[PDB]
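Shown below, as structure tokens, is a lone chain in the form deposited in one PDB entry; questions about how it binds or moves come after it.
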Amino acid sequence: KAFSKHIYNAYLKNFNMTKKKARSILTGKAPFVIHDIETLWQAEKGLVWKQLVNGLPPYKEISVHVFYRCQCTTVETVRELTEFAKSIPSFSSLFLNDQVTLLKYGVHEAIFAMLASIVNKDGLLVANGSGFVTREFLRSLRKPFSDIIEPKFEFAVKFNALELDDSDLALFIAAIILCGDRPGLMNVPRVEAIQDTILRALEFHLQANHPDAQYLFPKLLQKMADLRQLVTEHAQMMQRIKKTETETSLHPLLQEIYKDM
């Protein structure tokens, strides 16, 4: 009852952008549309970003610049997700190496679930909602960069059909991070103990918030499974980038996440 309230606060306290904020911008009541090099360059000059251009790896080309912008956003979400996880009382009681194991495997799964909030069929929100990058522009980048984001979109449209809100997402993301199936886990029974409480809290919240919902709890358990498949494909693509594109830098933190899978 109070656990669900605690998880939601931790979410609101740590994430820079809610699904409520993202949806109101996407619908209305105006973000700068990025669709080519001229608008992408304009966004760099005009728009206020978190990681300033000077902090990014040295300029190479358009496709690699977008890849670098994605790389920073990923790493920053990883930082926000580490603080959110710590904010769960049970999670911080686990030995730090088990905390790392959970984050090494759940992080991209959580990222893709939250990505659905800023994503629609035609593109996604950037620079704290100030800008909007089109899907066709990402489609226009050189291979393999044009092939990374496509399965995320295919997930995001199906996931947004469930119409979940920020209080549902807080528990969904919590359940993803606290997973007992992770390789190299030391105290697997304790992580399973936390997971069960989170999943029980999610079930009871999904009836209170979504009473007319047709099978919402088992649908979200299947969505967690689909998310694991999406991360596997992502690491595979990322490993291929490291072999083929031997001039584009991969952030050491992400290189470690992808190392095994």
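The term rigid core refers to the maximal set of C-alpha atoms that superpose within 1.5 Å between the two forms. The first residue of the sequence shown is number 1, and the count goes up from there. Only residues modelled in both forms are compared.
Visitor: Would you mind checking whether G55 is unresolved in the model of at least a third of the other PDB entries compared?
Guide: Residue status for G55: gap in at least one third of the other entries.
Visitor: When you step from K29 to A30 in this entry, do you jump over none, 1 to 3, 4 to 9, or 10 or more residues of the deposited sequence that have no coordinates?
Guide: The entry leaves 4 to 9 residues without coordinates here.
Visitor: Going by the average Cα B-factor in the PDB entry, point out whether 77 to 85 or 161 to 169 comes out higher.
Guide: Looking at the record's C-alpha B-factors, the answer is 161 to 169.
Visitor: Averaging C-alpha B-factors over each stretch, which comes out higher, 189 to 197 or 48 to 56?
Guide: It is 48 to 56 that shows the higher mean C-alpha B-factor.
Visitor: Can you tell me which of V66, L220, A213, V231 has the highest Cα temperature factor in the record?
Guide: Highest CA B-factor of the listed options: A213.
Visitor: Highest Cα temperature factor in the entry, among the options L206, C70, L227, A235: which one is it?
Guide: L206 has the highest C-alpha B-factor of those listed.
Visitor: Is the Cα B-factor recorded for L250 in the lowest, middle or highest third of its chain?
Guide: According to the entry, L250 has a C-alpha B-factor in the chain's middle third.
Visitor: Using the B-factor values recorded in the entry, state whether the Cα atom of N128 falls in the lowest, middle or highest third among the modelled residues of its chain.
Guide: Within its chain, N128 is a highest-third residue by C-alpha B-factor, going by the deposited values.
What comes next is about the form deposited in another entry, which is not displayed.
Visitor: For the core superposition between the shown form and the other one, please identify the residue among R200, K60, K219, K50 whose CA shift reaches 2 Å or more.
Guide: Comparing the C-alpha positions, the one residue that moves 2 Å or more is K50.
Visitor: Having a change of 3 Å or more in the C-alpha distance between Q51 and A127, I'd like to know whether it is closer or farther in the other entry than in the form here.
Guide: Residues separate in the other entry, at least 3 Å farther apart.
Visitor: Between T77 and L56, do the C-alpha atoms lie closer or farther in the other entry than in the shown form, with a difference of 3 angstroms or more?
Guide: Farther: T77 and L56 separate by 3 Å or more in the other entry.
Visitor: Fit the two forms on the core and write out the ranges of at least 3 consecutive residues whose every CA moves by 2 Å or more between the shown form and the other one.
Guide: These are the shifted runs between the shown form and the other one: 48 to 59, 213 to 215.
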